[PDB]
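Structure, as structure tokens:
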Amino acid sequence: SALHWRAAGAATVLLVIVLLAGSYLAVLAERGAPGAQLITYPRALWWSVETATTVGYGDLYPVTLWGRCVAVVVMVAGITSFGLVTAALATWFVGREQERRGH
Amino acid sequence: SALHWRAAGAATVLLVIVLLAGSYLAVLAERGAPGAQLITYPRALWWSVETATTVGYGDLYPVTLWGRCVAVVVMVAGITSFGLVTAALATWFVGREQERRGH
Amino acid sequence: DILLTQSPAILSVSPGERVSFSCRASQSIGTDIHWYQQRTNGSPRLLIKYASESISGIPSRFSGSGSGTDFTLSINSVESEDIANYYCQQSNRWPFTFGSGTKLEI
Amino acid sequence: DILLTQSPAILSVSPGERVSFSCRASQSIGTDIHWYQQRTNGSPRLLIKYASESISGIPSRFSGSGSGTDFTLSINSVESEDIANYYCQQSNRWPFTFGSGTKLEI
Amino acid sequence: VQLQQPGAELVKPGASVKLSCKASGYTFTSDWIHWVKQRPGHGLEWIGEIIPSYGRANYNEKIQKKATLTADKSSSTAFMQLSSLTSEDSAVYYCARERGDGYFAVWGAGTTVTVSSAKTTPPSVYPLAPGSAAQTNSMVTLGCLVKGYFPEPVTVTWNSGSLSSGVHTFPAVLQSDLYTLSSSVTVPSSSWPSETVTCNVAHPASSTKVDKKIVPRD
Ligand SMILES: CCCCCCCCCCCC(=O)OC[C@H](CO)OC(=O)CCCCCCCC
Ligand SMILES: CCCCCCCCCCCC(=O)OC[C@H](CO)OC(=O)CCCCCCCC
Ligand SMILES: CCCC[N+](CCCC)(CCCC)CCCC
Ligand SMILES: CCCCCCCCCO
Ligand SMILES: CCCCCCCCCO
Ligand SMILES: [K+]
Ligand SMILES: [K+]
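Here the protein sequences line up with chains C, C', B, B' and A, keeping their order. A prime marks a further copy of an entry chain. Position 7, counted from 1, in the first sequence is what PDB author numbering calls 28; the numbers after and before it change by one each time, with no gaps. Position 56, counted from 1, in the second sequence is what PDB author numbering calls 77; the numbers after and before it change by one each time, with no gaps. Position 20, counted from 1, in the third sequence is what PDB author numbering calls 20; the numbers after and before it change by one each time, with no gaps. Position 25, counted from 1, in the fourth sequence is what PDB author numbering calls 25; the numbers after and before it change by one each time, with no gaps. Position 31, counted from 1, in the fifth sequence is what PDB author numbering calls 32; the numbers after and before it change by one each time, with no gaps.
Below, the structure written as structure tokens:
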């Protein structure tokens, strides 16, 4: 079990937790703000998944300061995790190419 | 034929399939939901391409649970494939730099 | 906040007919509308959620439709027990808000 | 759902003139509007799709325009065979819905 | 002929009928079959849809649910189950095909559904030939009287479709559970007696189709 694979896996579990915590924290942060739409868990969760992936649909977003703070944590966690996987694939590709040359 | 290149290619074909399956599955999942717009194949396909790339135009998105589930598969497939290509380019660059040093 | 207008305040119908209640929202809210029934001296009772999802324990006689800014609660074959006040409720934007209510009269 | 209003229910015109049918949607739908012709005892016949795309086998006399919430079906040089009921249909949001219809009268 | 639908169906109040729509021609997996309701004199009302290559069906929720959609992939036939009908459910029901692109490129002739206690009655086709003492002009008018039939659909043709110009088929009139109409045909006076003229009358509900030649009176 290599480091890059363990990291990829740890990042996945971690991202899943961030999404969940984020879903809960967003509702708690947004309810109480007139016009807020990130006020129920089911869509908050869909919102966090679309924030971590940055898919950008524009159908849901935070309007309060803490929601936005929560939003940054999810964004960064998402961008970082998917980037870590990229790095884990590079380590894989570099290692087997080295083999295909002997070393 | 090196691994990283085969992977890049396999990822492309796979992503194309995901887009297509996703287009079909989204329509099947969204038709029946009042207000849904992801209800015809031509635009569903355009929607999947814009979801896999995360271009984020906000002109089309799923409103049902299965559509959203389909949406995640496409997002992840897209982000992952484009990241795999990045990794395949890194393996290329690292290998030829090693040559430019002898090894 | 979101204003929910309930068309005719009173609805008079004959036994057995199909009847429809109207709920107009001041802005697009998807399908985040819910209907409640309240009888004389009773408390509110959820009938339909998210505009059309039936609730367990509620007569199939009850159904809902619409999305965006126009919603309808329908009862196929009205009857005595259905005499009550009906209210819509939105959960799209925070303050939640309720409709003014519609009384069914046979 | 999306409401399609068809302006004058009846349209009376003289032989040879250009005539225009109106279809007003309750919300922006791009160009996802389609027109159908239905003669007495006949069935609907697609005339124009996506507001302006001509259909194979349809007289060039027929054309459509608009986008957003206002659509027009036009016939250059009306004639007997054109006497019928015309309907618009939207495919932008699910329930699909049809217009109330417009009868052409020469 | 894209959609093949039976001409008519008689139904007793409370009863239920099952309509069919047999398709053919270019068929894809992305095809949706739709059902539309048209009450006499009124507009088109979308009932529901079905995706055959999967069996998923969606219904218009703004109206009372009287339908149930189904499909048989092998016989390329779509079915609509109308249950516990009443006078309100009487109308013509069309089926259409949609290539997942949002417009109905092709429709079925439609099936006239009638809901009443009355019994199926085939019509009586009587000829309409001028009176022995009626002057003539370059044109001569003949016709034939379809009388005493119930379920409303009757199709009148002249010379089994070969004659279409100069034809008028008036709307049936209902009186005491029986419809009645007349159809008129006009040909040049110089060619009637000579060249025969026959009115064909098909009555879907009774699976009949009588012919009746129009010859001069005694
Ligand atoms: C010139 C450099 C930029 C300086 C910007 C000012 C400092 C930032 C916030 C001040 C908060 C306030 O008093 O206002 C809250 C605001 C309005 O009430 O609403 C808001 O909720 C906007 C919050 C923006 C959140 C940004 C999160 C970044 C991780
Ligand atoms: C506190 C942590 C977050 C918990 C969130 C609750 C559990 C999640 C969904 C419950 C579904 C339901 O009963 O509701 C469906 C919903 C409303 O009917 O509509 C929806 O379709 C929202 C679905 C969100 C999909 C998210 C997909 C993620 C890959
Ligand atoms: C395939 C779309 C990839 C979009 N990315 C990665 C999103 C990962 C969730 C956006 C990064 C934003 C910091 C990469 C730049 C794309 C121009
Ligand atoms: C950094 C911790 C998460 C942001 C704080 C959320 C507070 C929600 C409101 O109580
Ligand atoms: C995980 C499989 C794809 C999501 C399910 C799609 C179902 C569409 C509706 O029938
Ligand atoms: K993006
Ligand atoms: K966007």
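Built from N, CA and C at the ideal position, the CB exists for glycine as well.
List the endpoints of the continuous alpha helix (DSSP H) containing residue i.
{"i": "C/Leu24", "result": "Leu24 to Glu51"}
{"i": "A/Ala203", "result": "Run containing A/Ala203: none in the alpha helix (DSSP H); it sits in the beta strand (DSSP E), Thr199 to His204."}
{"i": "C/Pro63", "result": "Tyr62 to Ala73"}
{"i": "C'/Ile100", "result": "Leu86 to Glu120"}
Among the options, which one has its Cα closest to the Cα of residue i?
{"i": "B/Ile83", "options": "B/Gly42, B/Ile2, B/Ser91 and B/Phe96", "result": "B/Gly42"}
{"i": "C'/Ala29", "options": "C'/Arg117, C'/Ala98, C'/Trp68 and C'/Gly123", "result": "C'/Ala98"}
{"i": "A/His169", "options": "A/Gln176, A/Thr181, A/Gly144 and A/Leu179", "result": "A/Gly144"}
{"i": "A/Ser163", "options": "A/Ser21, A/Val198 and A/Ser125", "result": "A/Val198"}
{"i": "A/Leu20", "options": "A/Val12, A/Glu46 and A/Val157", "result": "A/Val12"}
{"i": "C/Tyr62", "options": "C/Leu41, C/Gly116, C/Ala31 and C/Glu71", "result": "C/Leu41"}
{"i": "A/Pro53", "options": "A/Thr112, A/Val174, A/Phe29 and A/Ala203", "result": "A/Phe29"}
{"i": "B'/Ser91", "options": "B'/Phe21, B'/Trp35, B'/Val13 and B'/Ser77", "result": "B'/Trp35"}
{"i": "B/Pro95", "options": "C/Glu51, C/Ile38, C/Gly88 and C/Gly43", "result": "C/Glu51"}
{"i": "A/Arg40", "options": "A/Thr113, A/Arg100 and A/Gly101", "result": "A/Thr113"}
{"i": "C/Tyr45", "options": "C/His124, C/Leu59 and C/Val34", "result": "C/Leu59"}
{"i": "B/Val78", "options": "B/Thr69, B/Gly68, B/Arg24 and B/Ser60", "result": "B/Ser60"}
{"i": "A/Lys74", "options": "A/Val2, A/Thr142, A/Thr181 and A/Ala24", "result": "A/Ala24"}
{"i": "B/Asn85", "options": "B/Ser54, B/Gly99 and B/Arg93", "result": "B/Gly99"}
{"i": "A/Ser183", "options": "A/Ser195, A/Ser190 and A/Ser125", "result": "A/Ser125"}
Roughly how many whole angstroms lie between the Cα atoms of residue i and residue j?
{"i": "B/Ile58", "j": "A/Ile64", "result": "19 Å"}
{"i": "B'/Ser74", "j": "B'/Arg39", "result": "17 Å"}
{"i": "C/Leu49", "j": "B/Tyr50", "result": "22 Å"}
{"i": "C'/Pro55", "j": "A/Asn61", "result": "10 Å"}
{"i": "B'/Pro44", "j": "A/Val216", "result": "38 Å"}
{"i": "A/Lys148", "j": "A/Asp178", "result": "12 Å"}
{"i": "C/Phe114", "j": "C'/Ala108", "result": "7 Å"}
{"i": "C'/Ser22", "j": "C'/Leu110", "result": "14 Å"}
{"i": "C/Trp67", "j": "C'/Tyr78", "result": "17 Å"}
{"i": "B/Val19", "j": "B/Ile10", "result": "12 Å"}
{"i": "B/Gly68", "j": "C/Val37", "result": "32 Å"}
{"i": "A/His43", "j": "B'/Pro8", "result": "15 Å"}
{"i": "A/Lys66", "j": "B/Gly64", "result": "12 Å"}
{"i": "C'/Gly104", "j": "A/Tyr27", "result": "41 Å"}
{"i": "A/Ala119", "j": "C'/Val93", "result": "58 Å"}
{"i": "A/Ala92", "j": "B'/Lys103", "result": "20 Å"}
What are the start and end residues of the beta strand (DSSP E) that includes residue i?
{"i": "B'/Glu79", "result": "Neither: B'/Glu79 is in no beta strand (DSSP E) and is coded neither H nor E."}
{"i": "C/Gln58", "result": "Unbroken run through C/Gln58: none, as it is neither H nor E."}
{"i": "A/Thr121", "result": "That residue, A/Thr121, is in no beta strand (DSSP E); it is neither H nor E in DSSP."}
{"i": "A/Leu129", "result": "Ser125 to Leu129"}
{"i": "A/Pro189", "result": "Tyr180 to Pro189"}
{"i": "A/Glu46", "result": "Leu45 to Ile52"}
{"i": "A/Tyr95", "result": "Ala92 to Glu99"}
{"i": "A/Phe80", "result": "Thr78 to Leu83"}
{"i": "B'/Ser65", "result": "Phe62 to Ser67"}
{"i": "A/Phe29", "result": "Here A/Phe29 belongs to no beta strand (DSSP E), and DSSP marks it neither H nor E."}
{"i": "A/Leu11", "result": "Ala9 to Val12"}
{"i": "B'/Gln38", "result": "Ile33 to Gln38"}
{"i": "A/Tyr60", "result": "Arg57 to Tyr60"}
{"i": "B'/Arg45", "result": "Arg45 to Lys49"}
{"i": "A/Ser21", "result": "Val18 to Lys23"}
{"i": "A/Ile34", "result": "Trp33 to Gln39"}
{"i": "A/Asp102", "result": "From DSSP, A/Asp102 is part of no beta strand (DSSP E); its letter is neither H nor E."}
{"i": "A/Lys214", "result": "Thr209 to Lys214"}
{"i": "A/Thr87", "result": "First-last for A/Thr87: undefined, no H or E at that position."}
Please name the residue or residues paired with residue i in a DSSP beta bridge.
{"i": "C'/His124", "result": "According to DSSP, which records beta bridges pairwise, C'/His124 is partnered with nothing at all."}
{"i": "B'/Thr102", "result": "B'/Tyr86"}
{"i": "A/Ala72", "result": "A/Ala79"}
{"i": "residue 108 of chain B'", "result": "This structure cannot settle anything about residue 108 of chain B', because the visible part of chain B' is limited to 1 through 106."}
{"i": "A/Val141", "result": "A/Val188"}
{"i": "B/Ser12", "result": "B/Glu105"}
{"i": "A/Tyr150", "result": "A/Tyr180"}
Any C-beta of chain C' within less than 9 Å: which residues of the stretch 80 to 103 of chain B' qualify?
Flagged, chain order: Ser91, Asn92, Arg93, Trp94, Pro95 and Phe96.
Positions along the stretch 53 to 81 of chain C whose CB lies within less than 7 Å of some CB in chain C':
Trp67, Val70, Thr74, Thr75, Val76, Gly77, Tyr78, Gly79 and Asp80
Residues in the stretch 62 to 78 of chain B having any Cβ partner in chain C' nearer than 8 Å:
Those would be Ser65, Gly66, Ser67 and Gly68, in chain order.
Name the residues in the stretch 35 to 51 of chain B' whose C-beta lies less than 7 Å from a C-beta of chain A; which are they?
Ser43, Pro44, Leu46 and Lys49
Residues, ordered as in the chain, of the stretch 34 to 63 of chain A that lie near chain C' by beta-carbon distance below 9 Å
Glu50, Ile52, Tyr55, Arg57, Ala58, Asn59, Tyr60 and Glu62
Relative to chain B, which residues along the stretch 61 to 88 of chain A have a C-beta separation below 9 Å, given in chain order?
For chain B, the residues of the stretch 61 to 88 of chain A that bring a beta carbon within less than 9 Å of one of its beta carbons are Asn61, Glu62, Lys63, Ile64, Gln65 and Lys66, in chain order.
Determine which residues of the stretch 91 to 116 of chain C' have a Cβ less than 8 Å from any Cβ of chain C, and write them out in chain order.
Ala92, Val93, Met96, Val97, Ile100, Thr101, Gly104, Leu105, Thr107, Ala108, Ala109, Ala111, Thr112, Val115 and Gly116
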